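Encoded as structure tokens, the structure appears first; notes follow it.
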Amino acid sequence: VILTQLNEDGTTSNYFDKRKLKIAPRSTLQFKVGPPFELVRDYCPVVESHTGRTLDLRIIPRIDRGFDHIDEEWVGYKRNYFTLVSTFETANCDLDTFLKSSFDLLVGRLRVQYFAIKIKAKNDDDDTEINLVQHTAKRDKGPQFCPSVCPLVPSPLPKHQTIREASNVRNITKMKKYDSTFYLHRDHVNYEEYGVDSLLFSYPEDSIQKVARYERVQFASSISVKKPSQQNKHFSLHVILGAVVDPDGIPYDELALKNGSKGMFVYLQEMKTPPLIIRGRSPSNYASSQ
DNA sequence: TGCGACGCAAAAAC
DNA sequence: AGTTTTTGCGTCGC
């Protein structure tokens with residue numbers, strides 16, 4: 001009834017079918033590693049502005065809640081939360097050096113203001129985009145919002161246990177313990193070490209995330225989860241790493257910038273999950289029906 | 001059909 | 001060690 005896989009950090013992922021077994025909402029059995037991500041493609045090259053060295057980039061994503069591996073399918077539930085986390089790494093550039101340097105896109109050089117991640121959901125069979133929604137912990141007693149673009153600096157991805165432990169922290173002492181894992185506070189660096197043109201100082205806010213954490217995410221309530229044939233639709237979750245540039249023939253999205261003007265989120269790399277099945281609100285999707 | 005809404009219930013968080 | 005918080009899902013009614 002429960003199939004267990006050992007995670008990289010020694011925790012377990014426990015896959016179970018909610019058609020057959022109902023587990024408490026806050027049970028640790030609800031936390032588990034989801035489908036592995038695969039490269040879709042690389043897009044615009046990035047180079048360091050004097051050396052000309054190409055920056056090696058890699059998205060490092062993981063799903064930590066919401067998806068079970070059941071009979072060779074990855075299965076989520078429309079009504080339930082998923083968590084998708086991601087960092088990126090620069091294999092050829094240590095963070096401290098990276099933040100002091102400056103980088104251009106090779107398209108013809110556009111200066112990179114900052115790096116950022118966004119997530120998307122798609123129908124994996126036809127590439128149609130599907131809306132995602134997020135809640136706060138307060139859920140219906142708080143606002144709903146769409147996943148946002150997250151400025152980030154390169155970092156290793158925290159272990160599954162760390163994401164679990166940090167999921168519902170409010171206590172200040174505990175927040176302090178995790179702060180260095182999730183944030184870089186630019187206002188605490190020695191400004192004299194940095195040039196005006198440095199990458200660190202073109203990030204939009206002083207508090208810069210090291211990890212993009214999309215928690216309490218759902219597929220939009222309007223999604224149709226079956227095809228007309230009654231076959232399940234296949235969905236995929238996508239993580240895109242971009243460079244944000246000043247807009248003043250390559251893939252990009254427009255972005256509401258800090259100064260008000262219309263930025264460009266230029267695509268650098270994209271990864272996606274294998275096909276996902278989403279179970280809808282039908283009673284037959286729940287053990288309560290049996 | 002199935003969706004927005006209301007809120008029970010059970011373990012985490014403190 | 002009691003209270004509050006968080007989140008899967010049972011249910012009503014349109």
Side-chain angles (χ1 to χ4, degrees), chain A residues 1-4 7 9-35 62-70 73-85 119 121 123 128-147 158-169 171-179 181-182 213-235 237 276-290:
Chain A
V1 169
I2 298 170
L3 296 186
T4 296
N7 300 325
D9 65 352
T11 57
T12 54
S13 294
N14 303 276
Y15 302 122
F16 63 94
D17 192 331
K18 285 170 158 81
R19 289 169 160 177
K20 298 188 203 161
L21 178 64
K22 178 197 198 158
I23 291 301
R26 307 294 303 283
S27 168
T28 62
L29 301 175
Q30 303 286 1
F31 279 113
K32 62 206 73 191
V33 173
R62 196 177 60 234
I63 288 161
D64 281 322
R65 190 185 188 85
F67 288 88
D68 290 86
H69 204 200
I70 287 156
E73 309 188 306
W74 282 101
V75 180
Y77 270 66
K78 191 167 164 178
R79 296 195 72 193
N80 297 347
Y81 289 165
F82 73 86
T83 288
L84 188 168
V85 298
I119 64 166
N123 180 326
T128 291
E129 186 164 350
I130 280 105
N131 294 316
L132 293 177
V133 292
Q134 275 181 280
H135 285 81
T136 73
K138 299 308 197 211
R139 199 166 58 184
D140 290 353
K141 305 184 202 199
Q144 293 179 31
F145 53 103
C146 70
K159 307 162 164 188
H160 177 73
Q161 202 202 3
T162 299
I163 298 307
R164 278 201 199 173
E165 291 166 349
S167 52
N168 281 296
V169 185
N171 181 266
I172 306 303
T173 296
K174 197 183 262 181
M175 284 190 340
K176 282 171 149 173
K177 135 184 196 148
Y178 289 110
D179 178 79
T181 296
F182 293 110
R213 279 192 294 169
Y214 297 97
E215 299 177 283
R216 312 190 181 80
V217 199
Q218 286 172 269
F219 292 79
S221 60
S222 65
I223 67 154
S224 162
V225 303
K226 298 203 162 264
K227 302 188 185 179
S229 61
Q230 316 185 60
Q231 285 190 267
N232 290 314
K233 280 200 203 176
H234 296 111
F235 298 95
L237 291 160
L276 313 173
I277 297 316
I278 305 300
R279 286 175 187 176
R281 293 187 58 177
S282 175
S284 71
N285 288 327
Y286 291 95
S288 59
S289 70
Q290 306 298 335

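The figures here come from the full heavy-atom set of this structure, side chains too, leaving out hydrogens, waters and symmetry mates. In what follows, chains are A, B, ... by sequence order, proteins preceding strands, each numbered from 1.
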Of residues 277-288 of chain A, the positions that come close to DNA chain C - non-hydrogen atoms, cut-off under 4.0 Å: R281(A), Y286(A), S288(A)
For the helix from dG2(B)-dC14(C) to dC14(B)-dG2(C), what angle lies between the axis at the first five pairs and the axis at the last five pairs, to 10 degrees?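 Answer rounded to 10°: the end axes differ by 10°.
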How far does CD1 of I2(A) sit from CG of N14(A), to the nearest 0.5 angstrom?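 Separation between the atoms: 6.0 Å.
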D140(A) or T28(A), whichever maps to the more 5' nucleotide of DNA chain B: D140(A)
Assuming nearest nucleotide by heavy-atom distance, tell me which of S221(A) and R164(A) is located more 5' along DNA chain B.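 Its nearest nucleotide lies further toward 5', so the answer is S221(A).
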Quick one: is [X] getting a side-chain N or O under 4.0 Å of the [N] phosphate, OP1 or OP2?
X       : N      : result
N168(A) : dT7(C) : yes
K141(A) : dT5(C) : no
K138(A) : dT6(C) : yes
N80(A)  : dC9(C) : yes

Over all heavy atoms of both residues, which pair between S167(A) and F31(A) is shortest? Give the atoms and the distance, please.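 Where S167(A) meets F31(A) most closely, the heavy atoms are OG-CZ, 3.6 Å.
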For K159(A), enumerate each residue passing the salt bridge (charged side-chain N to carboxylate O under 4.0 Å, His left out) test, keeping only those at least two apart in sequence or located in another chain. none
For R62(A), the salt bridge (charged side-chain N to carboxylate O under 4.0 Å, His left out) test, sequence neighbours excluded, returns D64(A)
To the nearest Å, how far apart are [X] [atom1] and [N] [atom2]?
X       : N       : atom1 : atom2 : result
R79(A)  : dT11(C) : CZ    : P     : 11 Å
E215(A) : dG8(C)  : CD    : P     : 12 Å
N171(A) : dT5(C)  : CG    : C1'   : 14 Å
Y77(A)  : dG10(C) : OH    : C1'   : 14 Å
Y81(A)  : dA12(B) : OH    : P     : 18 Å
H135(A) : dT7(C)  : NE2   : P     : 11 Å
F82(A)  : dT7(C)  : CZ    : P     : 14 Å
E165(A) : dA12(B) : CD    : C1'   : 13 Å

With sequence neighbours excluded, residues passing side-chain hydrogen bond (donor to acceptor under 3.5 Å, both in side chains) with [X]:
X       : result
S13(A)  : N7(A)
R216(A) : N168(A)
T128(A) : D126(A)

Under 4.0 Å between any heavy atoms, over every strand shown, what does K226(A) touch: base, sugar-phosphate, or nothing? Just pick one.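 Touches nothing.
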Exercise answer: donor-acceptor pairs, residues 129-142 of chain A side-chain atoms, under 3.5 Å, sequence neighbours excluded:
from: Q134(A); atom 1: NE2; to: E215(A); atom 2: O; distance (Å): 3.0
from: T136(A); atom 1: OG1; to: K138(A); atom 2: N; distance (Å): 3.2

Tell me which pairs pass side-chain hydrogen bond (donor to acceptor under 3.5 Å, both in side chains) where either residue lies in residues 277-288 of chain A, with sequence neighbours left out. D17(A)-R279(A), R19(A)-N285(A), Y77(A)-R279(A), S282(A)-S284(A)
Pairs satisfying side-chain hydrogen bond (donor to acceptor under 3.5 Å, both in side chains), at least one member in residues 21-33 of chain A, at least two apart: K18(A)-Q30(A), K32(A)-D68(A)
Any N/O donor-acceptor pair, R139(A) side-chain to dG8(C) base, under 3.5 Å: yes
In residues 219-226 of chain A, what donor-acceptor pairs under 3.5 Å come from side-chain atoms, sequence neighbours left out?
from: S224(A); atom 1: OG; to: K226(A); atom 2: O; distance (Å): 3.0
from: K226(A); atom 1: NZ; to: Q230(A); atom 2: O; distance (Å): 3.3
from: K226(A); atom 1: NZ; to: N232(A); atom 2: OD1; distance (Å): 2.9

Would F235(A) and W74(A) count as a close aromatic pair, with their ring centres under 6.0 Å?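 No.
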Residues from residues 18-26 of chain A sitting under 4.0 Å of DNA chain B, heavy atoms only?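 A24(A), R26(A), in order of number.
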